[PDB]
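structure-v1.tsv, holding TSV, C-alpha atoms:
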```tsv
chain	number	residue	atom	x	y	z
X	51	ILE	CA	-21.10	2.64	23.83
X	52	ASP	CA	-20.03	-1.00	23.48
X	53	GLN	CA	-18.25	-2.81	20.63
X	54	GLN	CA	-18.97	-6.33	19.35
X	55	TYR	CA	-17.32	-8.66	16.86
X	56	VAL	CA	-19.53	-9.75	13.99
X	57	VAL	CA	-19.29	-11.63	10.72
X	58	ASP	CA	-17.90	-9.46	7.94
X	59	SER	CA	-20.92	-9.91	5.69
X	60	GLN	CA	-21.04	-7.37	2.86
X	61	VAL	CA	-17.31	-7.39	2.11
X	62	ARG	CA	-16.45	-4.38	-0.08
X	63	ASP	CA	-14.43	-5.20	-3.21
X	64	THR	CA	-12.14	-2.18	-2.94
X	65	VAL	CA	-10.67	0.17	-0.33
X	66	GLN	CA	-8.75	3.47	-0.49
X	67	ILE	CA	-5.26	3.53	0.98
X	68	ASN	CA	-4.55	7.06	2.19
X	69	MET	CA	-0.91	8.07	2.55
X	70	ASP	CA	1.10	11.16	3.45
X	71	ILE	CA	4.78	10.35	3.91
X	72	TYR	CA	8.15	12.18	3.75
X	73	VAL	CA	10.99	10.10	2.28
X	74	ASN	CA	14.67	11.17	2.68
X	75	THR	CA	15.22	10.75	-1.09
X	76	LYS	CA	14.47	13.07	-4.05
X	77	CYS	CA	11.18	12.16	-5.77
X	78	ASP	CA	12.59	11.30	-9.21
X	79	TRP	CA	14.68	8.41	-7.81
X	80	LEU	CA	11.53	6.81	-6.39
X	81	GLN	CA	8.97	4.38	-7.74
X	82	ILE	CA	5.76	3.33	-5.97
X	83	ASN	CA	4.13	-0.02	-6.80
X	84	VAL	CA	1.01	-1.88	-5.65
X	85	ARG	CA	0.57	-5.60	-6.02
X	86	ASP	CA	-1.93	-8.10	-4.68
X	87	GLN	CA	-3.09	-11.71	-4.87
X	88	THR	CA	-5.00	-10.96	-8.07
X	89	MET	CA	-2.44	-8.85	-9.94
X	90	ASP	CA	1.20	-8.36	-10.85
X	91	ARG	CA	2.95	-5.11	-9.86
X	92	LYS	CA	1.04	-2.01	-10.92
X	93	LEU	CA	2.97	1.28	-11.00
X	94	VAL	CA	1.24	3.95	-8.97
X	95	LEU	CA	1.76	7.10	-10.99
X	96	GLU	CA	-1.39	9.17	-11.28
X	97	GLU	CA	-2.93	8.45	-7.85
X	98	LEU	CA	-0.19	10.12	-5.81
X	99	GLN	CA	1.51	13.48	-5.72
X	100	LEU	CA	5.30	13.41	-5.40
X	101	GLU	CA	6.71	16.79	-4.38
X	102	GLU	CA	10.29	17.80	-3.66
X	103	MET	CA	10.97	18.94	-0.10
X	104	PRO	CA	13.81	19.46	2.35
X	105	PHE	CA	13.51	16.29	4.46
X	106	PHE	CA	12.53	16.95	8.07
X	107	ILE	CA	10.92	15.22	11.00
X	108	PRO	CA	7.94	17.20	12.29
X	109	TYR	CA	7.16	17.84	15.97
X	110	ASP	CA	4.53	15.68	17.75
X	111	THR	CA	5.89	12.67	15.87
X	112	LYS	CA	6.95	9.38	17.46
X	113	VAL	CA	10.50	8.58	16.47
X	114	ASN	CA	10.17	4.88	16.38
X	115	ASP	CA	13.50	3.15	16.06
X	116	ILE	CA	14.64	4.60	19.41
X	117	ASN	CA	16.90	1.57	19.71
X	118	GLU	CA	18.34	2.07	16.20
X	129	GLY	CA	14.44	14.88	25.98
X	130	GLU	CA	14.73	14.90	22.19
X	131	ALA	CA	15.70	12.14	19.71
X	132	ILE	CA	15.52	14.23	16.53
X	133	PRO	CA	18.93	15.55	15.47
X	134	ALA	CA	18.25	19.31	15.46
X	135	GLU	CA	19.65	19.19	11.92
X	136	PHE	CA	16.41	17.53	10.85
X	137	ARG	CA	13.90	20.05	12.06
X	138	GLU	CA	11.85	21.88	9.45
X	139	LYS	CA	13.63	24.32	7.16
X	140	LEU	CA	11.62	27.40	6.17
X	141	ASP	CA	11.57	29.85	3.25
X	142	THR	CA	9.82	33.26	2.89
X	143	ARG	CA	7.03	31.56	0.93
X	144	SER	CA	6.85	28.38	3.01
X	145	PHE	CA	3.29	28.98	4.21
X	154	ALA	CA	19.24	23.47	-2.86
X	155	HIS	CA	20.56	21.62	0.20
X	156	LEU	CA	23.01	19.08	1.65
X	157	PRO	CA	22.34	15.47	0.57
X	158	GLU	CA	21.27	14.91	4.22
X	159	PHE	CA	18.05	16.75	3.37
X	160	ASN	CA	17.14	15.15	0.02
X	161	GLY	CA	13.41	14.58	0.35
X	162	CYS	CA	10.09	13.70	-1.28
X	163	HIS	CA	6.60	14.41	0.03
X	164	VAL	CA	4.44	11.50	-1.19
X	165	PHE	CA	0.70	11.91	-0.71
X	166	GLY	CA	-2.71	10.88	-2.01
X	167	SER	CA	-5.30	8.12	-1.94
X	168	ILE	CA	-5.00	4.84	-3.85
X	169	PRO	CA	-7.96	2.53	-4.60
X	170	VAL	CA	-6.84	-1.08	-4.24
X	171	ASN	CA	-8.66	-4.39	-4.30
X	172	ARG	CA	-9.62	-5.26	-0.72
X	173	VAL	CA	-7.46	-8.41	-0.68
X	174	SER	CA	-4.03	-9.29	0.71
X	175	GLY	CA	-1.54	-6.99	-1.03
X	176	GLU	CA	1.43	-4.69	-0.63
X	177	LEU	CA	2.35	-1.05	-1.34
X	178	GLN	CA	6.06	-0.59	-2.15
X	179	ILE	CA	8.24	2.54	-2.16
X	180	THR	CA	11.66	1.73	-3.69
X	181	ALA	CA	14.39	3.13	-5.95
X	182	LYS	CA	13.80	3.18	-9.72
X	183	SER	CA	15.70	0.23	-11.15
X	190	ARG	CA	21.16	1.07	-14.11
X	191	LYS	CA	19.92	2.06	-10.66
X	192	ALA	CA	19.94	5.06	-8.26
X	193	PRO	CA	23.44	5.77	-6.88
X	194	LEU	CA	23.32	4.38	-3.33
X	195	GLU	CA	24.68	7.74	-2.11
X	196	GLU	CA	21.38	9.33	-3.16
X	197	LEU	CA	19.16	6.69	-1.57
X	198	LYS	CA	18.01	7.10	2.02
X	199	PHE	CA	14.86	5.44	3.33
X	200	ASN	CA	14.53	7.43	6.53
X	201	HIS	CA	10.88	8.43	6.50
X	202	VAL	CA	8.05	10.19	8.29
X	203	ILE	CA	4.55	8.80	8.09
X	204	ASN	CA	2.11	11.65	8.63
X	205	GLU	CA	-0.83	9.49	7.56
X	206	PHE	CA	-1.40	5.88	6.58
X	207	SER	CA	-5.05	4.80	6.73
X	208	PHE	CA	-7.65	2.62	4.97
X	209	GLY	CA	-11.02	3.87	3.85
X	210	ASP	CA	-12.82	7.04	4.91
X	211	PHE	CA	-11.34	9.20	7.66
X	212	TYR	CA	-13.57	9.35	10.75
X	213	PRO	CA	-13.49	11.32	14.02
X	214	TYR	CA	-12.50	8.33	16.19
X	215	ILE	CA	-9.65	7.19	13.97
X	216	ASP	CA	-6.32	6.30	15.55
X	217	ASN	CA	-3.91	4.74	13.05
X	218	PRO	CA	-0.78	3.16	14.52
X	219	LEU	CA	1.53	4.56	11.80
X	220	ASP	CA	0.18	8.15	11.82
X	221	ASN	CA	2.70	10.71	13.08
X	222	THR	CA	5.61	8.27	13.33
X	223	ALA	CA	9.11	8.33	11.84
X	224	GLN	CA	12.06	6.00	11.35
X	225	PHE	CA	15.59	7.17	10.66
X	226	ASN	CA	19.14	5.94	11.03
X	227	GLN	CA	21.90	8.18	9.74
X	228	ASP	CA	24.24	5.17	9.77
X	229	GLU	CA	21.88	2.86	7.85
X	230	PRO	CA	20.34	4.85	4.94
X	231	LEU	CA	19.60	1.72	2.87
X	232	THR	CA	17.55	0.04	5.59
X	233	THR	CA	14.42	-1.75	4.37
X	234	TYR	CA	11.33	-1.11	6.47
X	235	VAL	CA	8.33	-3.45	6.31
X	236	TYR	CA	5.01	-2.82	8.02
X	237	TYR	CA	2.47	-5.64	8.32
X	238	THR	CA	-0.94	-4.09	8.81
X	239	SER	CA	-4.08	-6.08	9.62
X	240	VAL	CA	-7.21	-4.14	8.74
X	241	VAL	CA	-10.58	-4.47	10.49
X	242	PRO	CA	-13.71	-2.91	8.99
X	243	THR	CA	-15.93	-1.22	11.57
X	244	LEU	CA	-19.53	-0.12	11.73
X	245	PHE	CA	-20.07	2.90	13.96
X	246	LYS	CA	-23.84	3.25	14.25
X	247	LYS	CA	-23.21	6.92	15.15
X	248	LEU	CA	-21.71	7.40	11.67
X	249	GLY	CA	-23.69	5.03	9.43
X	250	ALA	CA	-22.87	1.93	7.37
X	251	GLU	CA	-22.26	3.97	4.20
X	252	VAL	CA	-18.96	5.30	5.54
X	253	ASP	CA	-16.00	2.99	4.85
X	254	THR	CA	-14.45	2.98	8.36
X	255	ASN	CA	-11.50	0.72	9.18
X	256	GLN	CA	-8.88	0.42	11.86
X	257	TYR	CA	-5.65	-1.55	11.82
X	258	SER	CA	-2.99	-3.11	13.98
X	259	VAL	CA	0.59	-3.51	12.85
X	260	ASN	CA	3.81	-5.37	13.46
X	261	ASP	CA	7.13	-3.98	12.14
X	262	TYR	CA	10.25	-5.42	10.51
X	263	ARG	CA	13.60	-3.87	9.50
X	264	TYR	CA	16.34	-5.34	7.31
X	265	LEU	CA	19.89	-4.02	6.88
X	266	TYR	CA	20.99	-3.50	3.27
X	267	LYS	CA	23.69	-6.20	3.50
X	268	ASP	CA	21.02	-8.85	4.18
X	269	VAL	CA	18.63	-7.61	1.48
X	270	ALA	CA	21.51	-7.48	-1.04
X	274	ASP	CA	13.52	-8.80	-1.62
X	275	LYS	CA	16.43	-7.67	-3.79
X	276	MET	CA	15.77	-3.91	-3.81
X	277	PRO	CA	15.49	-1.96	-0.50
X	278	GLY	CA	12.79	0.50	0.53
X	279	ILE	CA	9.65	1.03	2.53
X	280	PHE	CA	6.94	-1.64	2.31
X	281	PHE	CA	3.38	-1.70	3.62
X	282	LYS	CA	1.89	-5.19	3.62
X	283	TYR	CA	-1.83	-5.33	4.24
X	284	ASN	CA	-4.50	-7.93	4.79
X	285	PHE	CA	-8.17	-7.61	5.71
X	286	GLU	CA	-9.71	-9.51	8.59
X	287	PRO	CA	-12.87	-11.58	7.93
X	288	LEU	CA	-14.67	-9.97	10.88
X	289	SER	CA	-16.13	-6.55	11.70
X	290	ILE	CA	-16.42	-4.57	14.89
X	291	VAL	CA	-19.88	-3.11	15.44
X	292	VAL	CA	-20.04	-0.02	17.63
X	293	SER	CA	-23.47	0.65	19.17
```
Structure rendered as structure tokens:
Amino acid sequence: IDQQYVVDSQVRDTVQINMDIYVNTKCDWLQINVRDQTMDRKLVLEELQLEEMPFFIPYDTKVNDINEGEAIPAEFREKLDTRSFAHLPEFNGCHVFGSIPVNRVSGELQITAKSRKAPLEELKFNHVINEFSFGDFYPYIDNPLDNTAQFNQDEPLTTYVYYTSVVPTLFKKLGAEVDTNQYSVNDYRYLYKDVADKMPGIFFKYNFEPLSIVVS
């Protein structure tokens, strides 16, 4: 097995963004938007499920603002109920998950407060990314943001921005019909005082590289 760079001929027009995230805010305060070069902000309503949860950071999850044994405050381990398989505002949470078809062009997925705006007290953008991927899942996949979390109990209104650069791949062991992609990422954070982008939140910027990696 060897991998080679080739010209991204046959550029697909669209790609699915797959997401499974916990946000430390109740669902009904949240809005999720997509925008790209071609279009103005489109509200993502029907493509995602938003479900109330007690916010928690799962095990086997990188806790990725180490700077600001165990970094998870034991307060934020998973709460259970008899039918798992009403809390402190510390545990306000929303499980956001689904797959969104977007144009395969430079764009951005935004999770922010609905905005005459959510009481800051209620807003906390601590989050856990269980999945964030592009295209069809495949056995070799290794997404940088999967199983990661950011939290800061002292900075709830922190804005997190991820810049993801997406590379389409052809694994000859899988076929060309499967929409396989991998990405690299660089990360930014902004304190609320600086942001006061005018509304804070969690932002995934994405662009698609004009090459492919062929795996033979």
Between CA of residue 91 in chain X and CA of residue 181 in chain X - distance in Å to one decimal: 14.6 Å
Which residues come within 7 Å of residue 169 in chain X, counting only C-alpha atoms, excluding same-chain residues fewer than 6 positions away, as a VMD selection string? chain X and resid 64 to 67
Select from range 173-279 of chain X every residue with an atom at most 10 Å from any atom of range 130-143 of chain X, then for each give the shortest pair of atoms and their distance in Å to one decimal, using only C-alpha atoms, rows by chain and rising number, as a tab-separated table.
```
residue	atom	partner	partner_atom	distance
X:223	CA	X:132	CA	9.9
X:225	CA	X:132	CA	9.2
X:227	CA	X:133	CA	9.8
```
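Considering the residues X:231, X:202, X:240, X:259 and counting all atoms listed in the file, residue 114 in chain X has its shortest atom-to-atom contact with X:202.
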For residue 74 in chain X, work out the shell of residues within 9 Å, counting only C-alpha atoms and skipping chain neighbours fewer than 5 positions away, then give it as a PyMOL selection string. chain X and resi 104-106+158-162+197-202+225+230
Counting all atoms listed in the file, the option among X:110, X:274, X:261, X:70 closest to residue 235 in chain X: X:261
Select, counting only C-alpha atoms, all protein, DNA and RNA residues no farther than 10 Å from (-19.1, -10.3, 9.3) in file coordinates, and express the selection as a VMD selection string. chain X and resid 55 to 61 242 to 243 286 to 291
Figure out the distance between CA of residue 206 in chain X and CA of residue 281 in chain X, please, to one decimal in Å. 9.4 Å
List the neighbours of residue 62 in chain X out to 9 Å using all atoms listed in the file; skip same-chain residues closer than 3 positions along the sequence, and give me the result as a list in words. residues 65, 171, 172 and 253 of chain X
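When the distance limit is 9 Å and all atoms listed in the file are what count, the residues near residue 112 in chain X, minus those fewer than 5 positions from it on the same chain, are residues 220, 221, 222, 223 and 224 of chain X.
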With a distance cut-off of 8 Å and all atoms listed in the file, select the neighbouring residues of residue 71 in chain X, excluding the residue or stretch itself and same-chain residues fewer than 2 positions from it, and output the selection as a list in words. residues 69, 73, 163, 164, 165, 201, 202, 203, 204 and 205 of chain X
Min atom-atom distance to residue 83 in chain X from the set X:176, X:52, X:228, X:118, counting only C-alpha atoms, belongs to X:176
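Taking all atoms listed in the file into account, residue 180 in chain X lies nearest to X:82 out of the set X:99, X:293, X:82, X:285.
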Counting only C-alpha atoms, I want the residues whose atoms come within 12 Å of (11.4, -1.5, -10.8) in the file frame, returned as a PyMOL selection string. chain X and resi 79-84+91-94+178-183+190-192+274-278
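Residue nearest residue 233 in chain X, chosen from X:215, X:270, X:72, X:249 and counting only C-alpha atoms: X:270.
CA of residue 195 in chain X to CA of residue 266 in chain X spans 13.0 Å [interatomic distance, one decimal].
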Counting all atoms listed in the file, which of X:54, X:284, X:236, X:252 gets nearest to residue 213 in chain X? X:252
